[PDB]
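Engineer: Data file query-v2.pdb (PDB, C-alpha atoms) is appended below.
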ATOM      1  CA  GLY Y   1      97.193  88.688  96.455
ATOM      2  CA  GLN Y   2      98.054  92.245  97.473
ATOM      3  CA  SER Y   3     101.412  93.893  98.092
ATOM      4  CA  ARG Y   4     103.079  97.237  98.744
ATOM      5  CA  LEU Y   5     106.739  98.259  98.922
ATOM      6  CA  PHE Y   6     108.219 100.295 101.775
ATOM      7  CA  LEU Y   7     111.737 101.384 102.718
ATOM      8  CA  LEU Y   8     112.814 100.910 106.330
ATOM      9  CA  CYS Y   9     114.239 103.907 108.199
ATOM     10  CA  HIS Y  10     114.437 103.144 111.932
ATOM     11  CA  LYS Y  11     113.462 100.204 114.139
ATOM     12  CA  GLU Y  12     112.501 100.527 117.798
ATOM     13  CA  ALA Y  13     113.569  98.106 120.512
ATOM     14  CA  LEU Y  14     111.727  94.929 121.502
ATOM     15  CA  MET Y  15     110.280  95.196 125.011
ATOM     16  CA  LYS Y  16     107.048  94.905 126.990
ATOM     17  CA  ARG Y  17     104.508  97.638 126.242
ATOM     18  CA  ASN Y  18     101.005  98.558 127.381
ATOM     19  CA  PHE Y  19      98.683  99.017 124.414
ATOM     20  CA  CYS Y  20      96.032 101.713 124.173
ATOM     21  CA  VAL Y  21      92.326 101.005 124.549
ATOM     22  CA  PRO Y  22      90.971 100.131 121.086
ATOM     23  CA  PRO Y  23      88.422 102.611 119.713
ATOM     24  CA  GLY Y  24      85.013 101.476 120.915
ATOM     25  CA  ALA Y  25      86.307  98.412 122.773
ATOM     26  CA  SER Y  26      85.600  97.468 126.377
ATOM     27  CA  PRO Y  27      87.176  99.806 128.988
ATOM     28  CA  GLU Y  28      89.555  97.129 130.282
ATOM     29  CA  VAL Y  29      93.256  97.798 130.851
ATOM     30  CA  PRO Y  30      95.274  95.656 128.407
ATOM     31  CA  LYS Y  31      97.846  93.330 129.903
ATOM     32  CA  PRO Y  32     101.490  94.070 129.029
ATOM     33  CA  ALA Y  33     102.549  92.381 125.798
ATOM     34  CA  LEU Y  34     105.742  92.019 123.782
ATOM     35  CA  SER Y  35     105.646  94.408 120.831
ATOM     36  CA  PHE Y  36     107.739  96.710 118.664
ATOM     37  CA  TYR Y  37     107.215  98.971 115.668
ATOM     38  CA  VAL Y  38     109.224 100.414 112.789
ATOM     39  CA  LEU Y  39     109.022 103.643 110.797
ATOM     40  CA  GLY Y  40     109.185 103.320 107.026
ATOM     41  CA  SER Y  41     108.467 105.268 103.859
ATOM     42  CA  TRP Y  42     106.344 103.891 101.032
ATOM     43  CA  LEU Y  43     107.982 103.560  97.621
ATOM     44  CA  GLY Y  44     104.889 103.445  95.412
ATOM     45  CA  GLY Y  45     101.287 102.438  94.975
ATOM     46  CA  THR Y  46      99.630  99.132  95.743
ATOM     47  CA  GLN Y  47     100.651  96.215  93.518
ATOM     48  CA  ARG Y  48      98.155  93.526  92.512
ATOM     49  CA  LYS Y  49      99.139  89.880  92.147
ATOM     50  CA  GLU Y  50      99.461  88.755  88.514
ATOM     51  CA  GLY Y  51      99.959  84.996  88.476
ATOM     52  CA  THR Y  52     103.474  84.166  89.620
ATOM     53  CA  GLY Y  53     104.561  87.813  89.459
ATOM     54  CA  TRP Y  54     103.031  91.123  90.480
ATOM     55  CA  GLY Y  55     101.247  93.670  88.334
ATOM     56  CA  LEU Y  56     102.327  97.213  87.633
ATOM     57  CA  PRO Y  57     101.892  99.448  90.709
ATOM     58  CA  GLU Y  58      98.738 101.509  90.970
ATOM     59  CA  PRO Y  59      99.284 105.280  90.673
ATOM     60  CA  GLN Y  60     100.443 106.880  93.904
ATOM     61  CA  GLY Y  61      97.722 108.632  95.879
ATOM     62  CA  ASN Y  62      97.680 112.389  95.253
ATOM     63  CA  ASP Y  63      97.976 113.084  98.978
ATOM     64  CA  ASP Y  64     100.020 115.977 100.351
ATOM     65  CA  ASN Y  65     100.653 113.963 103.527
ATOM     66  CA  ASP Y  66     104.184 112.632 103.889
ATOM     67  CA  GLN Y  67     104.681 109.067 102.640
ATOM     68  CA  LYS Y  68     105.368 107.706 106.120
ATOM     69  CA  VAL Y  69     103.715 104.814 107.954
ATOM     70  CA  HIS Y  70     103.930 103.151 111.366
ATOM     71  CA  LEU Y  71     103.924  99.338 111.379
ATOM     72  CA  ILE Y  72     103.018  98.114 114.868
ATOM     73  CA  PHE Y  73     104.118  94.496 115.361
ATOM     74  CA  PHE Y  74     102.759  92.280 118.143
ATOM     75  CA  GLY Y  75     101.076  88.938 118.736
ATOM     76  CA  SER Y  76     102.646  86.240 116.577
ATOM     77  CA  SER Y  77     104.367  88.676 114.185
ATOM     78  CA  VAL Y  78     107.275  89.302 116.586
ATOM     79  CA  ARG Y  79     109.319  86.635 114.775
ATOM     80  CA  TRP Y  80     110.289  89.196 112.099
ATOM     81  CA  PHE Y  81     112.452  91.231 114.494
ATOM     82  CA  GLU Y  82     115.872  89.884 113.505
ATOM     83  CA  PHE Y  83     115.201  90.097 109.745
ATOM     84  CA  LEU Y  84     114.569  93.872 109.708
ATOM     85  CA  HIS Y  85     117.441  96.343 109.356
ATOM     86  CA  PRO Y  86     117.679  99.992 108.282
ATOM     87  CA  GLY Y  87     118.500 100.747 104.667
TER      88      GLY Y  87
END
Represent the structure from my file as structure tokens, please.

Structural biologist:
Amino acid sequence: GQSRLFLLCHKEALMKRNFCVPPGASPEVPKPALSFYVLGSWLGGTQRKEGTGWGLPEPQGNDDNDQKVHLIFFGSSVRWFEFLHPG
């Protein structure tokens, strides 16, 4: 198994959105779909599964880019909406 920790900062609303054309996909306009995304900051490197528990985190990437990530939720992952809160 693989894991990574992140701290939630702000959560957008849940509404119908029109996705972008995927890179290299067919030039067909996507149908509107229910989706939302959150903005969160990573707290460390990737952690590898170690039996029941998890191993020590890998060293954080020496990247000058800000430790910020966008997590786009859609499809069948929309069920996590009510379990996410800032802080």

Engineer: Which residues would end up in the selection if the PyMOL selection byres ((chain Y and resi 12) around 9) were applied here, given that I need the answer as a list in words?

Structural biologist: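 Residues picked by the PyMOL selection byres ((chain Y and resi 12) around 9): residues 10, 11, 13, 14, 36, 37, 38 and 39 of chain Y.
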
Engineer: Could you check the closest approach to residue 18 of chain Y for each of Y:1, Y:42, Y:74, Y:51 and tell me which residue wins, using only C-alpha atoms?

Structural biologist: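 Once distances to residue 18 of chain Y are computed over only C-alpha atoms, the minimum belongs to Y:74.
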
Engineer: Using the chain letters and numbers from the file, which residues does the PyMOL selection byres ((chain Y and resi 3) around 12) grab, as a ChimeraX atom specification?

Structural biologist: /Y:1-2,4-6,42-50,53-58

Engineer: Which one of Y:31, Y:70, Y:85, Y:79 sits closest to residue 16 of chain Y if you count all atoms listed in the file?

Structural biologist: Y:31

Engineer: Between Y:9, Y:23, Y:87, Y:17, single out the one closest to residue 35 of chain Y, counting only C-alpha atoms.

Structural biologist: Y:17

Engineer: Atom CA of residue 69 of chain Y and atom CA of residue 25 of chain Y, how far apart in Å?

Structural biologist: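 Between atom CA of residue 25 of chain Y and atom CA of residue 69 of chain Y the gap works out to 23.7 Å.
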
Engineer: Find, counting all atoms listed in the file, the residue in Y:41, Y:32, Y:59, Y:52 that gets nearest to residue 71 of chain Y.

Structural biologist: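 Using all atoms listed in the file, the shortest distance to residue 71 of chain Y belongs to Y:41.
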
Engineer: Name all residues at most 12 Å from residue 29 of chain Y (count all atoms listed in the file; drop same-chain ones fewer than 4 positions away) and give them as number ranges by chain.

Structural biologist: Y: 18-22, 25, 33

Engineer: For the atom pair atom CA of residue 82 of chain Y and atom CA of residue 66 of chain Y, what is the interatomic distance in Å to one decimal place?

Structural biologist: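 Between atom CA of residue 82 of chain Y and atom CA of residue 66 of chain Y the gap is 27.3 Å.
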
Engineer: How many Å lie between atom CA of residue 15 of chain Y and atom CA of residue 68 of chain Y, rounded to one decimal?

Structural biologist: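 Value for the atom CA of residue 15 of chain Y-atom CA of residue 68 of chain Y distance: 23.2 Å.
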
Engineer: Give, as lines of an AutoDock Vina configuration file, the centre coordinates and the x, y and z edge lengths in Å to one decimal for an axis-aligned box around all listed atoms of segment 20-36 of chain Y, padded by 4 Å on each side.

Structural biologist:
center_x = 96.4
center_y = 97.3
center_z = 124.8
size_x = 30.7
size_y = 18.6
size_z = 20.2
